[PDB]
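Below, in structure tokens: the form deposited in one PDB entry, a single chain.
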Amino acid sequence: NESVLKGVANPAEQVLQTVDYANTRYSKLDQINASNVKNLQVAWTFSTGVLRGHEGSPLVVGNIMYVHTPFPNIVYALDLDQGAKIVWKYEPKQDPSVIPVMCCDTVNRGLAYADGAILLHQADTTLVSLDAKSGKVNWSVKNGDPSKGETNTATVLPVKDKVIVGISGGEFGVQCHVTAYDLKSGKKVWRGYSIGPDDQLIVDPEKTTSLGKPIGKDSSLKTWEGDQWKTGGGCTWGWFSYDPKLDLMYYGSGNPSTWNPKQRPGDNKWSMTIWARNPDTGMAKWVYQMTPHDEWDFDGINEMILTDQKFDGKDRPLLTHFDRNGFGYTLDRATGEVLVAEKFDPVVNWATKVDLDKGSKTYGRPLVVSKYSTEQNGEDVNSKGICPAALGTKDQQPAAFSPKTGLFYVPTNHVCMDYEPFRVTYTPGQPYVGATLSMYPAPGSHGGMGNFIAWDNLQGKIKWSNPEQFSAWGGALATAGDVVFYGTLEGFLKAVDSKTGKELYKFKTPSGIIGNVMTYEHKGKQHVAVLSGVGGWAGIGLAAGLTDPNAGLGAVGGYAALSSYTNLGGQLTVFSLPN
């Protein structure tokens, strides 16, 4: 919306979960700089009344802060003039059946503001637009049916007069889509599936290119055996970016449903693909599959940070992506030409590299290593030693970009995985996994499960990296004060230097941070705030109370020591300078 573009241009507000349309997560405020964030103190706190996983980050537009929760996805409107008093509250009624039909915690990844309306995508696949000053329902539409195993954990994307939302359910045999609804009306405009025939992919067979060449007719179904594409996966629970100068919406599709690969023959397109669609029509100008025929649930849902950089001496519209598979992709966001595809974790071993010799015949395909390939070892056989784990080198936690240092501050994971798949029959509403997993820290390092690194995407190199005991599940935020903020799973809110990376601030929030750092300015004073409350898929053992080491799809036993540092939470901590 133009409202959204109006809000981005004002740095004192946060109208998008991704800070800006480009998902740079870059703040122009420089009051809290690299030489005074040592002197940061807590401004005020606020609790949500909700436990389990608090992902995302609160909105502020003007003098009202909008806070979201996990299930049942309550929204609080806090009047900053009234001392964070709750102006209005919207607690929606949703059925508790929806929670066992969520793979990956009750998490919700936040709100969006557009044209005097707050838009919330509930866990039961319900897109609601609330009045920004009232909290009254303008309209409400159900995007999917959790009956069939379809939930939502992601946020919305408001573009012009439309709102494009995603759907989750990769672990439940859902064939998925990215759907746009009218801002004022709530009426469905178009729906572009990740999988299926060309008419609901919204693809042009002769004009939409992948790796420069047109994808042709029946691009999806040529890689699927029979009607397994209807149970085909490829869902959309990540962040979406948008370029107004190119009129293109960018997202990534998730896993090809089942975790057993020989039961799932073919390239399984278009799962695990960078998508670039039109906002009004929904049909894609270009696309690119990063992980053809996924064997490890390396969901390509992660944010695509849109940059304008100089590549090879020529200024080029760029798109940078940190996939779970372990490769930091740099792409032309206009053509789709894959420029850089290097590893941002040196212990990743499932592929030697991504083949980028333009005439290599394996062009654009990662060279899968035979020893770390779950299908080549076969069903009912344990694939030991795969790095990264199924949660990937980096999961939902969004990376930040600073246009002044030109680097990408990405919070990563340092865990690996034992993998053993097996055949499972699909049943609607039930899990469609087919794998027993067990995770552990990376074997040849400092024993920690995470790293906060800076990334040069124009050459594919790690400039510096800060190790962390547990993973770095908190979203990063870079600001013009040459500081980068991020939250750890022991409850720490850390601020480091933009170039050097040395820790400058460290504060213990009440629970582990899986949310993203935001900042705002109220009455001329800059405040930065972060949501606490551990969960997601790194805290699934604490969120669901799981005790078995193999439960939680392998992550419950891997993060066993996490309960020595934190419990469940649901608090928002706001920071500022003393002035």
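One-based numbering along the sequence shown.
Another form exists, solved in complex with a small molecule; not displayed. Remarks below refer to it.
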Please tell me which of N255, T155, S402, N325 lies within 4.5 Å of the small molecule in the deposited bound form, judged by heavy atoms. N255
Go through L248, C103, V354, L78 and name the one with a heavy atom inside 4.5 Å of the small molecule in the deposited bound form. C103
Per contact check vs the small molecule in the deposited bound form (non-hydrogen atom within 4.5 angstroms), the hit among 184-192, 229-237, 464-472, 200-208 is 229-237
Could you confirm whether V410 comes within 4.5 Å of the small molecule in the deposited bound form, counting heavy atoms only? no
Decide whether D294 counts as a contact residue for the small molecule in the deposited bound form under a heavy atom distance cut-off of 4.5 Å. no
Give a yes or no for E171: in the deposited bound form, does one of its heavy atoms lie within 4.5 Å of a heavy atom belonging to the small molecule? yes
How about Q396 - does it come within 4.5 Å of the small molecule in the deposited bound form, if we only consider non-hydrogen atoms? yes
